[PDB]
Structures are given as C-alpha cells and as structure tokens.
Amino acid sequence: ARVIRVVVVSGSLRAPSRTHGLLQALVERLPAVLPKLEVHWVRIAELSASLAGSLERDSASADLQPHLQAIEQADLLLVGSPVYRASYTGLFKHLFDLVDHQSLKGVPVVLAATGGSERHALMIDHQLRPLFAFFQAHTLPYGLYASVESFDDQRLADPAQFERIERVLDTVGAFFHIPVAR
C-alpha cells in the first residue's frame, strides 16, 4: 500500500480557532479509513510573515516553499477557513494565489468552514467550492459548515458535526477505493 499524503490547510488568522478544532476532529478520524497516511498541516495563523514576502510562486520566500510544495504534492487536501465577509479569509486566498494552478487537478478536496452564523452556510458552495473548481480539483460532495454553537471554545462538541465527518470519511475511503469496511 501507498502512503497517502494528506495536507490540511487551516485558514484562521489567529490561534487557537474553531476552524482548527473542526479540522482536528476530521483529521483524528482519518486513520479509520486510510490504512497508510502521512498528515501535514499548513496553518495561516503562523505564516503571515512568509505570506507578505511572497507575491509570486517562483519568488516565494524560502520558508513558505515547504507549504506550497506540500499542497502541490498532496494526495488529499482538507481545507478549512472561518467565514470572513461571507467568504474564506483573504490570507487563505493569498496562499492559493501562489499554489501552482496545474497541481490540484483531480485531487480530492474536503471543504470546511466555521462561521458566527448559519446565514453564511452557502459560502461552502458559492465561495470555497468554486475556488477549488478553478483548480479543477475533485471537491468531495459533503462540505462541513459549523457555526459557533457547535463548539465548546475551540473544540468541536456537536454530535451532528461528528456524524457528518463520518459521511465525509466514507467519501474519502471510496475515492481511494479502500475496501469499504469500518
């Protein structure tokens, strides 16, 4: 079996964050569907310095290069952003403005977001999904959207979200043709 390279992009501007907690909950259950995997994180909240210094892919700062390569070489991408101005954060977007635009074609992508309100639940399908559709990535059908009520501080605490995570993982296992049994 091939080790599946999983890269997790957390778009929060600050740490700790509910978006991070949502991504952790997903990541924690990932080994139940993938027999071999390496999981790596790209956390915007720690990259503001490297991000500012990077205006083109080929000229990106040496310290951002590892994060870009990881995304560009991932077998599976999990992405999450809190909702800002009814979309993902601009710094999360700046990251993807640098990511090679041929590199994600056909790559499975899980979309996730956290918001202050349910009113922006459509950000998943009208903002995050189109972003990854530009890359022609294989966005997976079930996106995660959790508003503030789903969390205890920054930890996911909502049984309905834990269940939807399991449905996401069903689709991850199916995509990698992992013989369906857990």
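Numbers follow the displayed sequence, beginning with 1.
If you average the C-alpha B-factors over 131 to 139 and over 28 to 36, the higher value belongs to 28 to 36. The mean C-alpha temperature factor is higher for 10 to 18 when 10 to 18 and 168 to 176 are set side by side.
Residue 85: CA B factor lies in the lowest third for its chain, per the PDB record. Per the PDB record, residue ranking by Cα B-factor puts residue 43 in the middle third of the chain. Ranked within its chain, residue 146 lands in the middle third, by CA B factor from the PDB record.
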